Amino acid sequence: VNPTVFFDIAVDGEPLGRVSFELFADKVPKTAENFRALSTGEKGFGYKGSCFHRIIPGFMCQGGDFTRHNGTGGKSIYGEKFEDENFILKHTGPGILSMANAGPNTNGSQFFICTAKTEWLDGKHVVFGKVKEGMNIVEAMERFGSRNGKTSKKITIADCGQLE
């Protein structure tokens with residue numbers, strides 16, 4: 001029942017591989033739907049062609065800023081921002097998909113993929129999915145990050161959509 005979406009990742013334009021995510025629509029429907037629709041582009045905007053602008057090895061990969069490409073932009077399908085839906089799910093380890101934000105009730109389009117357990121984010125960032133296939137591809141991406149988050153090569157979502 002829960003939707004599955006995929007990202008095809010490229011590194012300086014060269015294909016790297018595919019990561020797929022289960023979105024927990026059963027627990028966080030509003031947040032899952034935002035990510036799903038941004039992945040298919042059905043609203044006329046979304047993730048295709050956007051980059052991962054901040055990658056910190058041993059912590060997370062952050063992306064979703066499709067308007068400014070640097071962590072200062074993005075928007076949701078509901079408007080500039082939407083509320084924190086709930087905090088039922090926790091940051092339990094690598095592979096968790098969670099919303100980036102700039103304070104309470106400021107979700108847009110930015111998200112991160114955790115590559116470690118990040119329990120200090122529990123109750124602050126809405127967890128809404130997990131990597132299903134291709135965690136090895138996330139691990140490969142991680143190697144292009146750095147301590148300050150700057151990437152050594154351009155990491156992009158070359159294609160994305162819904163599988164199921």
# chains A, B, ... in the order shown; residues from 1 in each chain; ligands from 1

call {"tool": "select_by_dssp", "arguments": {"residues": "chain A", "states": "strand (DSSP E or B)", "output": "PyMOL selection string"}}
result
chain A and resi 4-11+14-23+51+54-56+60-63+76+79+82+96-99+107+111-114+127-133+155-162

call {"tool": "select_by_dssp", "arguments": {"residues": "chain A", "states": "helix (DSSP H, G or I)", "output": "PyMOL selection string"}}
result
chain A and resi 29-40+119-121+135-142

call {"tool": "residues_around", "arguments": {"residues": "residue A:78", "least_positions_apart": "4", "cutoff": "12 Å", "atoms": "only C-alpha atoms", "output": "PyMOL selection string"}}
result
chain A and resi 30-31+33-35+37-38+43+74+82-83+106-109

call {"tool": "closest_atom_pairs", "arguments": {"of": "stretch 29-50 of chain A", "to": "stretch 138-157 of chain A", "cutoff": "6 Å", "atoms": "only C-alpha atoms", "output": "tab-separated table"}}
result
residue	atom	partner	partner_atom	distance
A:48	CA	A:157	CA	5.7
A:49	CA	A:157	CA	5.3
A:50	CA	A:157	CA	5.6

call {"tool": "residues_around", "arguments": {"residues": "stretch 120-127 of chain A", "least_positions_apart": "2", "cutoff": "6 Å", "atoms": "only C-alpha atoms", "output": "list in words"}}
result
residues 87, 89, 90, 97, 98, 99 and 118 of chain A

call {"tool": "atom_distance", "arguments": {"atom1": "atom CA of residue A:58", "atom2": "atom CA of residue A:36"}}
result
26.3 Å

call {"tool": "residues_around", "arguments": {"residues": "stretch 9-23 of chain A", "least_positions_apart": "6", "cutoff": "7 Å", "atoms": "only C-alpha atoms", "output": "VMD selection string"}}
result
chain A and resid 2 to 3 32 128 to 135 137 153 to 158

call {"tool": "atom_distance", "arguments": {"atom1": "atom CA of residue A:55", "atom2": "atom CA of residue A:26"}}
result
29.0 Å

call {"tool": "atom_distance", "arguments": {"atom1": "atom CA of residue A:53", "atom2": "atom CA of residue A:69"}}
result
6.5 Å

call {"tool": "closest_residue", "arguments": {"among": "A:113, A:102, A:5, A:88", "to": "residue A:52", "atoms": "only C-alpha atoms"}}
result
A:113

call {"tool": "closest_residue", "arguments": {"among": "A:27, A:117, A:54, A:68", "to": "residue A:93", "atoms": "only C-alpha atoms"}}
result
A:117
